[PDB]
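Here is the structure we will look at.
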Amino acid sequence: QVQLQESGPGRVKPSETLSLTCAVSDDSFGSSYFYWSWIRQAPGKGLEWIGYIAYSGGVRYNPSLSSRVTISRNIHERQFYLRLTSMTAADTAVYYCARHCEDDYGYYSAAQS
Amino acid sequence: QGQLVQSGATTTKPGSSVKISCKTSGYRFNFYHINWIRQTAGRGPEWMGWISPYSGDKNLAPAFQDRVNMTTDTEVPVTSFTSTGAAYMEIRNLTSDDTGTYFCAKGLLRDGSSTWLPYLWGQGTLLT
Amino acid sequence: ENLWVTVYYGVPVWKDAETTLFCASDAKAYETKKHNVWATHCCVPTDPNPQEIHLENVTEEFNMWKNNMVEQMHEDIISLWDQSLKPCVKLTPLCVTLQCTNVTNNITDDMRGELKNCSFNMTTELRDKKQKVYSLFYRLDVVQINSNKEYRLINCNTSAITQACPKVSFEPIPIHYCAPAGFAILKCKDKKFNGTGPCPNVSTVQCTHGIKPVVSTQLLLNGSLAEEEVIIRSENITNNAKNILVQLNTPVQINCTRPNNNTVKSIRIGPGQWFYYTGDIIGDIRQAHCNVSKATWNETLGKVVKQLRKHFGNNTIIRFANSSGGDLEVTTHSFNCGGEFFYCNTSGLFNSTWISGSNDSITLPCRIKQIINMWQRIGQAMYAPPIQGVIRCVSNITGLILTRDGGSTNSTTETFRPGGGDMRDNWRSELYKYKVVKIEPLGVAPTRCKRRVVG
Amino acid sequence: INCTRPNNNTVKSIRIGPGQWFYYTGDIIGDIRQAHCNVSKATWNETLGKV
Amino acid sequence: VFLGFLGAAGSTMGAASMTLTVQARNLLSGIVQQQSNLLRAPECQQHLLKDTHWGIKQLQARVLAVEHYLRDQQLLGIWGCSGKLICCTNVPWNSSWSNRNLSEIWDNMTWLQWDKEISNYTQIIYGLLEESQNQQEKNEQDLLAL
Amino acid sequence: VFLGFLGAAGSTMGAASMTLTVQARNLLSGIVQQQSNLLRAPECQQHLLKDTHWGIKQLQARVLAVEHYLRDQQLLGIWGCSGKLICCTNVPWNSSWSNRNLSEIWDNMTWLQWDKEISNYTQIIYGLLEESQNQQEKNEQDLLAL
Amino acid sequence: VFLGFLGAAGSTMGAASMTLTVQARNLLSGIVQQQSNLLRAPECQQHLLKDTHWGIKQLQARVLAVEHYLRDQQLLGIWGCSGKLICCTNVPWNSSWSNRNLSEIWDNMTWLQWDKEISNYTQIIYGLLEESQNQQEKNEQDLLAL
Ligand SMILES: *[C@@H]1O[C@H](CO)[C@@H](O[C@@H]2O[C@H](CO)[C@@H](O[C@@H]3O[C@H](CO[C@H]4O[C@H](CO[C@H]5O[C@H](CO)[C@@H](O)[C@H](O)[C@@H]5O)[C@@H](O)[C@H](O)[C@@H]4O)[C@@H](O)[C@H](O[C@H]4O[C@H](CO)[C@@H](O)[C@H](O)[C@@H]4O[C@H]4O[C@H](CO)[C@@H](O)[C@H](O)[C@@H]4O)[C@@H]3O)[C@H](O)[C@H]2NC(C)=O)[C@H](O)[C@H]1NC(C)=O
Ligand SMILES: *[C@@H]1O[C@H](CO)[C@@H](O[C@@H]2O[C@H](CO)[C@@H](O[C@@H]3O[C@H](CO[C@H]4O[C@H](CO[C@H]5O[C@H](CO)[C@@H](O)[C@H](O)[C@@H]5O)[C@@H](O)[C@H](O[C@H]5O[C@H](CO)[C@@H](O)[C@H](O)[C@@H]5O)[C@@H]4O)[C@@H](O)[C@H](O[C@H]4O[C@H](CO)[C@@H](O)[C@H](O)[C@@H]4O)[C@@H]3O)[C@H](O)[C@H]2NC(C)=O)[C@H](O)[C@H]1NC(C)=O
Ligand SMILES: *[C@@H]1O[C@H](CO)[C@@H](O[C@@H]2O[C@H](CO)[C@@H](O[C@@H]3O[C@H](CO[C@H]4O[C@H](CO[C@H]5O[C@H](CO)[C@@H](O)[C@H](O)[C@@H]5O)[C@@H](O)[C@H](O[C@H]5O[C@H](CO)[C@@H](O)[C@H](O)[C@@H]5O)[C@@H]4O)[C@@H](O)[C@H](O[C@H]4O[C@H](CO)[C@@H](O)[C@H](O)[C@@H]4O)[C@@H]3O)[C@H](O)[C@H]2NC(C)=O)[C@H](O)[C@H]1NC(C)=O
Ligand SMILES: *[C@@H]1O[C@H](CO)[C@@H](O[C@@H]2O[C@H](CO)[C@@H](O[C@@H]3O[C@H](CO[C@H]4O[C@H](CO[C@H]5O[C@H](CO)[C@@H](O)[C@H](O)[C@@H]5O)[C@@H](O)[C@H](O[C@H]5O[C@H](CO)[C@@H](O)[C@H](O)[C@@H]5O)[C@@H]4O)[C@@H](O)[C@H](O[C@H]4O[C@H](CO)[C@@H](O)[C@H](O)[C@@H]4O)[C@@H]3O)[C@H](O)[C@H]2NC(C)=O)[C@H](O)[C@H]1NC(C)=O
Ligand SMILES: *[C@@H]1O[C@H](CO)[C@@H](O[C@@H]2O[C@H](CO)[C@@H](O[C@@H]3O[C@H](CO[C@H]4O[C@H](CO[C@H]5O[C@H](CO)[C@@H](O)[C@H](O)[C@@H]5O)[C@@H](O)[C@H](O)[C@@H]4O)[C@@H](O)[C@H](O[C@H]4O[C@H](CO)[C@@H](O)[C@H](O)[C@@H]4O)[C@@H]3O)[C@H](O)[C@H]2NC(C)=O)[C@H](O)[C@H]1NC(C)=O
Ligand SMILES: *[C@@H]1O[C@H](CO)[C@@H](O[C@@H]2O[C@H](CO)[C@@H](O[C@@H]3O[C@H](CO[C@H]4O[C@H](CO)[C@@H](O)[C@H](O)[C@@H]4O)[C@@H](O)[C@H](O[C@H]4O[C@H](CO)[C@@H](O)[C@H](O)[C@@H]4O)[C@@H]3O)[C@H](O)[C@H]2NC(C)=O)[C@H](O)[C@H]1NC(C)=O
Ligand SMILES: *[C@@H]1O[C@H](CO)[C@@H](O[C@@H]2O[C@H](CO)[C@@H](O[C@@H]3O[C@H](CO[C@H]4O[C@H](CO)[C@@H](O)[C@H](O)[C@@H]4O)[C@@H](O)[C@H](O[C@H]4O[C@H](CO)[C@@H](O)[C@H](O)[C@@H]4O)[C@@H]3O)[C@H](O)[C@H]2NC(C)=O)[C@H](O)[C@H]1NC(C)=O
Ligand SMILES: *[C@@H]1O[C@H](CO)[C@@H](O[C@@H]2O[C@H](CO)[C@@H](O[C@@H]3O[C@H](CO)[C@@H](O)[C@H](O[C@H]4O[C@H](CO)[C@@H](O)[C@H](O)[C@@H]4O)[C@@H]3O)[C@H](O)[C@H]2NC(C)=O)[C@H](O)[C@H]1NC(C)=O
Ligand SMILES: *[C@@H]1O[C@H](CO)[C@@H](O[C@@H]2O[C@H](CO)[C@@H](O)[C@H](O)[C@H]2NC(C)=O)[C@H](O)[C@H]1NC(C)=O
Ligand SMILES: *[C@@H]1O[C@H](CO)[C@@H](O)[C@H](O)[C@H]1NC(C)=O
């Protein structure tokens, strides 16, 4: 939860592929109704939601970069990854991995975020 | 709390058949009966008949026994205690003396002696 | 004189409630199955005749997404899975390094490195002195950690693994969920009435109908069919956020076969013969597949898009060509058949005029895994034991699980892809008509009568 | 009473069992100080007196 | 002929009040079959309750049902109506709760929408119900202190 | 002098009907000692109920006993006989059930062979017992709708 | 104004006898919140009852409470006082139990020290209470054998 360790190459050449890793510590991964999203922020401008992977499986990405974005989830490895092909100079930004829980039921031991 | 909407008025020459539609809301359409009554211009208004939306049993005045066909559309549920429906009224032989104001009404109570008694009325319609 | 309150005990009054349901097995004892079937052999027998009491005039609000009967059933299935996995053999020492090489696909089959020949320099005890055995592994179960053809089983550095007992069977049997006395199950019997809203037609039951716990991900299998028209279920918001539930009126048929003639090998691991494996295939090397009649599937997809523009309310471009995946469970129709776990390419079913036509019956390639992570969160994985001989199961496809790609493009975009939704949605697909309530039998009303006399 | 362990411990020797299963103490970073606790001498003498 | 369990739930309050025994029975004949444990006596001893907490979990559900019964019988007890299904009291009917006349209530309304209309003042009525008895307790108190 | 628990089981129905309190007590003084948990409070905490499902199993047996009590008190309740051990009803005795006269029944038969002779029609009698009350429910219904 | 649960425990026996409903309520509104399982329905399913025997242990505590209630309602039942909170009997008061006059008892003593003074003869009084009814059983027996 509080320890979302990111790793990968901060240096990518054009026309290549950017792969990034986000590891979770507190094992809230296995809990259902959790959505794990990749988000980038261009400097000076706002933040752009890239894609999200669901508790069942990655449903949707952003329509602008839909064909060039693939979010994977290694269940047992405790991590989830992002891939972005055909890297351009416009994709130069700061990348984050963020978590959020939506419950259709609202039916848990505690309140979620 | 309920409402009884009635179809638009229309004038047709005698000899032909017609149809009045009375749309309901704001209550359980199958709970209360549906009455049809006419206000005669020049004489005393006369009750015409009643029909149960649920039971389907119909009882008409002998003055309109073999001249009227009633039909009740199946109710459409809205709330846990509110539905919507449609009540239809028909006349076979038209004449000039059939001119007058018409109304559709609902029942007061569900059981007891005053079951089919008209309670909530519609706005009314005018004829030929 | 005046008006007085009077107590009434036993009034037909109920309130929405969540209570603990319990299991019930059909009263056949399932003697023709040879072991226990989801450990539901030990479960109260159904009454010979159930009493269903119709409730005239009664209109009650239902919500299949707020029913929670789904969440209860879900936890029950999960816990049963764990209770059946606990006593079985855990393959903790089997994560030794494997020296594996690729073996040729046949010249009648797509040349893939699939079904890898793996030798084990693993020792079980001192007695074994590092015996060398070989086993057949599907490609998905193994990963190439180090080069020079050095391998290990996947997951072994992440978590433990446990082997499904060969005796226990994964076949779903009908389970009637019953409520205790003082609670009740309400059943909406309107066939066309959508999943949620006020039901004009309500009956009460002590136990629900027989619900088969079919494990599925992309398409629903062996469920119950809605009468008259098919049914389409989303939440209220409907805007790229939910998971579309589809219930068909006519079932499609799907036959899935694994032609490979597997055998048994590498028996003793622990003290005594404890582990099953796959010997060399006997006969041809054919890959698993499933046929679906192309005519019937084109008709069914047509009626589906007709009902989509129906519930949508607005003419709009609805495509199926694309499909998107997260993990594996959403790109493939994941399910279970005979004890082997199949994962199928559905792209032929979800394209655009894919037919012509091109086949009498559409065929979908399916790969097979013996390592699965359905309800295995992070910690305990399961090894499905190999099945000797050829495998072939026929399944009713009663439902579907979809997802929209809603996008304010002025009705231009609107694409529906086969999501790989959670298993709870499968329970919602059969619990849409049922609801749990608690009886509040105490009503007080005035009838202007008083107990003047005391004692 | 304030108790502090000044040593800057780390993590090491992770995997023992199948998968990363065990935590341990890396080399300390910075000075080597032993754990301690302070208690105000005035207040503790007053409290012992009232005791 | 008897409409069945909860059959008159959509009927007028008077009609359901005629078949309150029908609703009263489902409190007992759900729990007679489970306490029976006759069909449960032999099936794998006590339905294997070792390493099966669903068995205990099931049992806890049975407990909740008899616990709810005990709540209603306690309320009938403290209102002095234990033996009877219909009892009249001394509490006068405050008109603020509902303004509807008797004919409209008993021949035009169902118990469901009535319980929904009065759920607001149920606690107050129960308080008068627990209080009013207390004047009977006091009359017996006059007979006690002579 | 009192014959003891179930002492008059071989006596005439009249004699057992005189000591029905004796049979009534074993419903409570078996279950007073177990709910007491006074001799159970200290012995290895709660008789080690961890990793001992016999403890839960034992508990389930205690549940069945109080559940059976609740079945009988419910039946006495819905027959309007909650407070009394002997109550008379309005149901007339259909002769098809038994043709024996009163003297032969109460001074020549035991409750065991009587219950065996009438076990065939018990459900029918209970149905009349649940039904007959319904005419009292209806008389109270006449007093309710004024 | 009502002193609250067990409020009149230090009051005279007459004052507590006026607020016995208050003490009667804590038998039910402790056990209404626990049987509710509404705040328990969603919190980690059924409060994780797997590998947690405290959950079963907790449940056994709830069982003891409803079991004690059933003991008191049984005693009120076999004394023919089920429906009432204050009932008079046929048993005469033997003076050996207590020699205190009525005014000294009801306007000078609390229920605690009274129960302590009579705890010696409680079983004897209960025996007369179980016995005395038996003469009512016998009067009904005369009406039975005609
Ligand atoms: C709105 O609410 C109303 C009110 O509740 C709903 O109406 C209810 O609908 C139920 C389902 O349709 C219906 O259930 C019927 O039960 C009857 C009696 O139940 C027993 O029998 C069935 C099997 O029936 C067979 O046996 C009986 C004798 O026991 C025979 O009399 C029948 O003819 C059959 O041979 C068992 O399953 C039960 O467990 C009981 O033992 C049945 O008569 C009836 O069966 C017919 O319909 C079935 C489909 O529902 C069908 O499978 C069955 O074969 C019967 O079909 C007849 O016609 C076909 C025509 O091809 C023919 O081939 C068959 O041979 C047969 O002759 C139902 O099972 C409730 O009784 C009914 N209640 C009321 C008050 O109406 C309504 O559904 C609901 N609707 C909406 C839209 O909201
Ligand atoms: C669900 O909700 C609906 C609400 O819509 C509810 O329907 C109500 O049902 C109650 C009873 O359950 C009704 O209450 C009583 O109805 C008495 C009338 O019943 C007789 O008369 C009906 C009308 O017949 C007229 O028409 C025929 C010509 O067709 C004519 O000859 C008659 O003289 C009369 O003018 C009739 O429908 C009914 O049904 C049988 O008979 C007809 C043929 O007549 C047949 O077609 C039917 O299929 C059926 O076989 C029956 O004949 C009414 O009299 C009574 O008021 C007082 O009178 C009686 C004496 O007769 C007293 O005993 C009684 O105590 C009263 O003091 C009372 O009103 C109510 O009218 C219904 N409301 C409707 C239909 O809107 C359902 O019951 C609800 N169900 C549940 C489970 O909740
Ligand atoms: C198990 O089953 C057996 C069935 O065999 C059952 O035995 C029955 O017991 C009941 C009572 O429990 C009896 O019912 C009543 O009996 C009354 C008679 O009791 C007195 O008279 C007996 C006969 O004595 C005769 O002989 C002597 C000479 O020996 C003579 O002087 C007498 O006048 C008389 O002619 C007698 O056996 C009995 O027992 C005591 O006394 C004798 C000495 O007399 C002594 O030897 C015994 O050891 C014992 O101390 C006693 O003296 C009978 O009168 C009564 O009928 C009406 O009359 C009385 C008034 O006296 C009313 O009060 C009463 O309400 C009646 O209206 C009634 O019949 C029944 O007779 C037995 N049946 C037999 C023995 O076959 C057991 O009780 C059963 N036990 C259980 C637990 O179920
Ligand atoms: C715990 O234990 C204690 C025991 O010490 C117990 O206290 C007893 O409380 C009960 C009632 O709860 C008392 O019993 C009744 O008391 C009636 C008297 O109450 C009135 O009179 C009191 C005396 O006032 C005198 O002095 C003033 C001058 O100051 C003078 O004007 C008066 O005329 C009178 O001479 C008085 O204290 C009391 O309290 C209020 O008023 C005073 C001012 O007067 C004020 O200062 C107080 O703060 C307070 O506001 C009140 O005014 C007594 O009459 C009654 O006897 C019969 O008469 C009445 C009619 O008045 C009948 O209705 C009744 O049924 C009787 O037949 C009876 O004796 C008892 O006296 C107390 N004992 C004491 C104090 O020793 C607590 O209640 C216990 N609590 C619990 C929870 O258990
Ligand atoms: C949706 O519903 C469908 C409904 O059809 C489900 O599909 C069903 O699945 C089940 C379970 O997977 C299947 O049961 C299996 O049937 C097999 C049929 O094999 C036949 O031949 C076998 C070999 O025949 C030879 O031996 C016999 C003696 O045994 C001789 O009489 C014979 O002449 C030959 O010499 C027979 O052994 C068998 O009796 C059949 O006649 C069985 O082989 C199979 O048994 C295996 O699996 C058991 C459970 O794990 C295991 O205990 C056994 O030891 C053995 O390994 C099993 O009984 C249904 O056949 C299948 N229906 C079909 C194909 O129509 C579907 O699973 C369900 N869910 C989903 C998600 O689709
Ligand atoms: C999946 O793959 C397996 C292979 O592992 C197949 O099993 C083999 O099936 C073949 C048949 O196709 C078997 O071969 C035949 O075996 C018969 C039985 O042999 C036993 O019984 C005899 C009689 O008591 C004993 O003497 C003998 O020692 C064995 O114990 C033989 O009778 C057959 O011989 C006859 O037929 C052949 C032609 O088939 C003639 O040429 C011979 O002259 C003779 O007339 C034959 O040998 C083979 O034994 C099976 N393997 C094993 C290990 O048992 C499965 O069938 C396959 N799956 C499916 C569904 O087919
Ligand atoms: C307990 O002990 C641990 C040691 O194991 C301490 O952790 C170390 O803390 C020091 C700071 O005191 C770290 O050193 C500094 O790291 C900064 C971050 O480096 C990361 O980020 C940059 C920017 O992206 C990457 O380029 C880089 O590769 C790393 O990924 C550097 O920015 C610092 O350099 C700057 O400061 C120094 C002076 O401090 C200048 O000389 C440099 O020129 C430059 O301007 C600096 O290197 C050290 O990395 C930490 N160790 C580890 C393993 O991360 C804990 O702080 C200590 N506990 C407490 C409470 O202090
Ligand atoms: C899922 O696919 C399976 C196929 O693998 C399919 O199972 C079969 O369904 C048919 C129904 O069309 C079953 O056949 C019927 O069974 C009933 C029950 O015994 C019989 O009464 C029927 O006989 C009457 O009807 C016939 C016409 O349908 C008449 O010709 C006949 O004379 C009788 O009047 C009929 O035989 C068939 O038994 C099953 N197969 C098996 C193995 O059970 C299933 O229907 C599909 N799922 C769904 C939801 O449809
Ligand atoms: C099932 O259908 C009902 C009825 O169409 C849907 O509920 C409707 O939702 C729309 C949009 O929010 C409202 O305008 C209607 O008033 C609703 N009607 C009723 C009766 O609820 C419901 O959302 C559908 N459920 C699905 C598709 O799962
Ligand atoms: C969309 O639906 C609304 C409501 O049914 C209808 O009025 C409108 O004409 C529709 N528009 C299109 C473009 O389908």
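Labeling convention for the structure tokens: chains A, B, ... as they appear, residues from 1 per chain, ligands from 1 in order of appearance.
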Distance filter 7 Å, only C-alpha atoms, chain E against chain B, as number ranges by chain: E: 104, 107-108
Write out the residues from the selection above, keeping C-alpha atoms, as a PDB file, in the first residue's frame.
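As a result, part.pdb now contains:
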ATOM      1  CA  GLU E 104     -59.615   3.291   4.849  1.00  0.00           C
ATOM      2  CA  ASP E 107     -60.280  -2.235   3.794  1.00  0.00           C
ATOM      3  CA  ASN E 108     -57.966  -0.155   1.586  1.00  0.00           C
TER       4      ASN E 108
END
Can I get the residues close to ligand 6 as a compact mmCIF listing (two decimals) with N, CA and C atoms, in the first residue's frame, where close means within 10 Å and we count only C-alpha atoms and all ligand atoms?
# COMPACT_ATOMS: atom_id res chain seq x y z
N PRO C 259 -7.12 -33.57 -27.85
CA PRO C 259 -6.91 -34.86 -28.52
C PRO C 259 -5.72 -35.64 -27.99
N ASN C 260 -4.78 -34.98 -27.31
CA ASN C 260 -3.58 -35.65 -26.83
C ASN C 260 -3.91 -36.75 -25.83
N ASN C 261 -3.26 -37.90 -26.01
CA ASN C 261 -3.49 -39.13 -25.24
C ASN C 261 -2.50 -39.21 -24.08
N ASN C 262 -2.80 -38.46 -23.02
CA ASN C 262 -1.83 -38.33 -21.94
C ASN C 262 -1.79 -39.64 -21.15
N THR C 263 -0.75 -39.80 -20.34
CA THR C 263 -0.61 -40.97 -19.47
C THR C 263 -0.18 -40.51 -18.08
N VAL C 264 0.43 -41.42 -17.32
CA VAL C 264 0.85 -41.14 -15.95
C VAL C 264 2.33 -41.47 -15.80
N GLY C 279 2.83 -38.57 -19.13
CA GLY C 279 3.71 -39.37 -19.94
C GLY C 279 3.70 -38.86 -21.37
N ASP C 280 4.45 -39.55 -22.22
CA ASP C 280 4.52 -39.13 -23.61
C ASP C 280 3.17 -39.38 -24.27
N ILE C 281 2.80 -38.50 -25.20
CA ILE C 281 1.53 -38.68 -25.88
C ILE C 281 1.63 -39.89 -26.79
N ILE C 282 0.53 -40.62 -26.90
CA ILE C 282 0.41 -41.77 -27.78
C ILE C 282 -0.49 -41.38 -28.94
N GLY C 283 0.05 -41.47 -30.15
CA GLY C 283 -0.66 -41.08 -31.34
C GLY C 283 -0.26 -39.69 -31.79
N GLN C 388 -5.68 -38.88 -18.01
CA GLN C 388 -5.25 -39.90 -18.95
C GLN C 388 -6.27 -40.02 -20.07
N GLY C 389 -5.78 -40.17 -21.30
CA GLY C 389 -6.68 -40.33 -22.41
C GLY C 389 -7.11 -39.01 -23.00
N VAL C 390 -7.97 -39.10 -24.01
CA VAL C 390 -8.48 -37.91 -24.68
C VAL C 390 -9.63 -37.32 -23.87
N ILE C 391 -9.72 -35.99 -23.90
CA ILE C 391 -10.69 -35.21 -23.14
C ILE C 391 -11.69 -34.61 -24.12
- request: Would you mind listing what lies within 10 Å of residue 90 (chain E) as number ranges by chain, with only C-alpha atoms counted and same-chain residues fewer than 2 positions away left out?
  value: C: 3-6, 449-452; E: 88, 92-93, 128-129, 132-133, 135-136
message: What does the list of residues within 8 Å of ligand 3 look like if you count only C-alpha atoms and all ligand atoms, written as a list in words?
response: residues 3, 7, 8, 9, 10, 11, 12 and 15 of chain F
query: Quick one: residues within 12 Å of ligand 7, with only C-alpha atoms and all ligand atoms, as an NGL selection string?
result: (:A and (5-11 or 94)) or (:D and (5-12 or 25-31))
message: At a cut-off of 10 Å around ligand 10, and using only C-alpha atoms and all ligand atoms, what residues come up? Please write them as a PyMOL selection string.
response: chain C and resi 309-310+312-316+410-411
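Interatomic distance, CA of residue 73 (chain C) to CA of residue 62 (chain E): 17.9 Å.
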field: Exercise: region 394-397 of chain C partners within 9 Å, only C-alpha atoms, chain neighbours under 6 positions left out, as JSON, numbers by chain
entry: {"C": [219, 220, 221, 222, 223, 248, 250, 251, 252, 253, 254, 255, 256, 257]}
query: Once you count only C-alpha atoms and all ligand atoms, which residues end up within 6 Å of ligand 1, and could you hand them over as a VMD selection string?
result: chain C and resid 54 189 to 191 201
Output N, CA and C atoms for every residue in the selection just made, as a compact mmCIF listing (two decimals), in the first residue's frame.
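The resulting part.txt:
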# COMPACT_ATOMS: atom_id res chain seq x y z
N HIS C 54 -47.31 -18.45 -4.04
CA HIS C 54 -47.46 -17.25 -4.84
C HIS C 54 -48.05 -16.15 -3.97
N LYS C 189 -40.72 -13.80 -10.63
CA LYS C 189 -40.90 -14.76 -11.70
C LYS C 189 -41.26 -14.11 -13.03
N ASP C 190 -41.07 -12.80 -13.17
CA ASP C 190 -41.35 -12.20 -14.47
C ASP C 190 -40.17 -12.55 -15.36
N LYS C 191 -40.44 -13.24 -16.46
CA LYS C 191 -39.38 -13.68 -17.36
C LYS C 191 -38.71 -12.52 -18.10
N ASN C 201 -44.64 -9.44 -9.99
CA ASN C 201 -44.95 -10.86 -9.91
C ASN C 201 -43.91 -11.50 -9.00
- request: Provide as a ChimeraX atom specification the residues of chain E at most 6 Å from chain F, counting only C-alpha atoms.
  value: /E:35,50,83-84
Using only C-alpha atoms, please write the residues we just selected to a file, as a PDB file, in the first residue's frame.
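That gives us selection.pdb:
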ATOM      1  CA  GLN E  35     -33.620 -29.285  15.069  1.00  0.00           C
ATOM      2  CA  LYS E  50     -14.517 -31.075  12.072  1.00  0.00           C
ATOM      3  CA  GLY E  83     -50.928 -16.246  25.012  1.00  0.00           C
ATOM      4  CA  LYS E  84     -52.973 -14.378  22.410  1.00  0.00           C
TER       5      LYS E  84
END
message: Distance cut-off 12 Å, counting only C-alpha atoms - which residues of chain C neighbour chain D? Return them as a PyMOL selection string.
response: chain C and resi 90-96+153-161+378-380
Mind dumping the selected residues with C-alpha atoms as a PDB file, in the first residue's frame?
ATOM      1  CA  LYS C  90       1.811 -29.570  -1.770  1.00  0.00           C
ATOM      2  CA  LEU C  91       4.615 -29.543  -4.341  1.00  0.00           C
ATOM      3  CA  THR C  92       7.063 -27.379  -2.390  1.00  0.00           C
ATOM      4  CA  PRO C  93      10.219 -29.475  -3.152  1.00  0.00           C
ATOM      5  CA  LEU C  94       9.375 -29.750  -6.887  1.00  0.00           C
ATOM      6  CA  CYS C  95      10.674 -26.218  -7.642  1.00  0.00           C
ATOM      7  CA  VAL C  96      14.176 -27.556  -8.479  1.00  0.00           C
ATOM      8  CA  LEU C 153       8.375 -23.922 -12.756  1.00  0.00           C
ATOM      9  CA  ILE C 154       6.733 -20.491 -12.837  1.00  0.00           C
ATOM     10  CA  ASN C 155       5.651 -18.930  -9.497  1.00  0.00           C
ATOM     11  CA  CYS C 156       8.146 -20.976  -7.433  1.00  0.00           C
ATOM     12  CA  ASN C 157      10.015 -17.894  -6.176  1.00  0.00           C
ATOM     13  CA  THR C 158       6.752 -16.023  -5.555  1.00  0.00           C
ATOM     14  CA  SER C 159       4.601 -18.568  -3.718  1.00  0.00           C
ATOM     15  CA  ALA C 160       3.930 -22.202  -2.885  1.00  0.00           C
ATOM     16  CA  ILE C 161       1.902 -24.614  -5.017  1.00  0.00           C
ATOM     17  CA  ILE C 378      -0.964 -14.144  -3.980  1.00  0.00           C
ATOM     18  CA  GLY C 379      -0.118 -17.194  -1.842  1.00  0.00           C
ATOM     19  CA  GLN C 380      -1.272 -20.706  -2.842  1.00  0.00           C
TER      20      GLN C 380
END
message: Taking only C-alpha atoms into account and nothing else, which residues of chain A lie no more than 7 Å away from chain G? Please answer as number ranges by chain.
response: A: 107-109
Check: which chain A residues lie within 12 Å of chain D using only C-alpha atoms, as number ranges by chain: A: 76-78
Mind dumping the selected residues with C-alpha atoms as a tab-separated table (two decimals), in the first residue's frame?
chain	number	residue	atom	x	y	z
A	76	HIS	CA	2.17	-14.06	-7.96
A	77	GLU	CA	5.16	-11.78	-8.63
A	78	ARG	CA	3.23	-9.15	-6.58
message: I'd like to know which residues of chain F are alpha helix (DSSP H) (by DSSP, run on the backbone); could you write them as a VMD selection string?
response: chain F and resid 13 to 18 20 to 25 31 to 36 44 to 47 53 to 78 102 to 106 111 to 118 122 to 144
query: Can you tell me, as a PyMOL selection string, what residues are no more than 7 Å from residue 111 (chain G) when counting only C-alpha atoms, ignoring any on the same chain fewer than 3 positions away?
result: chain G and resi 9+13+114-115
- request: Using only C-alpha atoms, determine which residues of chain A fall within 7 Å of chain C; present them as number ranges by chain.
  value: A: 30, 53, 56-59, 71-73, 75-77, 105
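For the residues C:392, C:448, C:192, C:311, ranking by smallest atom-to-atom distance to ligand 8 using only C-alpha atoms and all ligand atoms places C:392 first.
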message: For ligand 9, return the neighbouring residues as a VMD selection string (distance at most 10 Å; only C-alpha atoms and all ligand atoms).
response: (chain B and resid 76 to 79) or (chain C and resid 61 to 65 192 to 199 231 to 238 242 to 246 311 to 312 432)
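Using only C-alpha atoms, the smallest distance between any of C:440, C:125, C:414, C:425 and chain E comes from C:440.
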